[PDB]
């Protein structure tokens, strides 16, 4: 089983590197910075358990997906279309593309562009690029995938490599739950450059999160999404279990990078407007992140 990782960043390197450690044939399609370090001394895979250098192929040409039976597509939502179109010509016709991304539109976007079988996955992991060719795993690293033609074979192969997997007939719901969590925290954290535990103690913040969340639940209902039963409590409890954590969006803005805000609060805005559902709290958070992003850019 040949595996290609399109967009070998924090997520791609962990899952890709774990499969390489298990003995599969894996090639990471990464940026020159990382390709140069992977070809020099291999992929440094630093886990909460072990720390190793892993011999994997790496390339910056999206055609290196050639011959892969399974492509883990791990770019950010903002790059879904460009990355998919870059790899489309070389992609095997029988290849299974897994979307290891956050957001609710990636699988649909991929299927609109590609004839190959696509399956959405929900990624539960904490990872970062510690430097060139270096991935650092802070915690978790499991997956929930839609049903694929590979069946239980796909989950058996991941478990055998050190990444547990569960097939679900409601990946839509899991992806939306994660989206609403991100709508509640990411923009607030990014705009103020404060961690979740500091954030929730500001005056009015619990009531802002209520407003944001009720807007999202209204959109999820209109969209026929079945969310977990205690989703609101689970969201509120994140400030307690990750008190010193700042959001990915916060880290993007601190570093002058473009965030995924168009696929977080922006999605709720676009969707709410299309459905006649007021989304004012979500709209202020989206507009504010984009204004800050645009100042940094110009």
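Numbering follows the first chain given and starts at 1.
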- Query: On average, which has the higher Cα B-factor in the deposited entry, 154-162 or 86-94?
  - Reply: 154-162
- Hey, which bit's got the bigger mean C-alpha B factor in the entry, 131-139 or 118-126? 131-139
- Based on the PDB entry, the highest CA temperature factor among the options 53, 265, 248, 245 is that of 53
- Query: If you compare 189, 106, 182, 149, which has the highest Cα B-factor in the entry?
  - Reply: 149
- Give the position of residue 44 by CA B-factor within its chain, expressed as the lowest, middle or highest third. highest
- With respect to C-alpha B-factor, does residue 229 fall in the lowest, middle or highest third of the chain as deposited? highest
- For residue 169, the third of its chain into which the C-alpha B factor falls: highest
- Among the modelled residues of its chain, the C-alpha B-factor of residue 34 falls in the third labelled highest
- Task: Taking the chain's C-alpha temperature factors as the reference, tell me which third residue 258 falls into: lowest, middle or highest.
- Result: highest
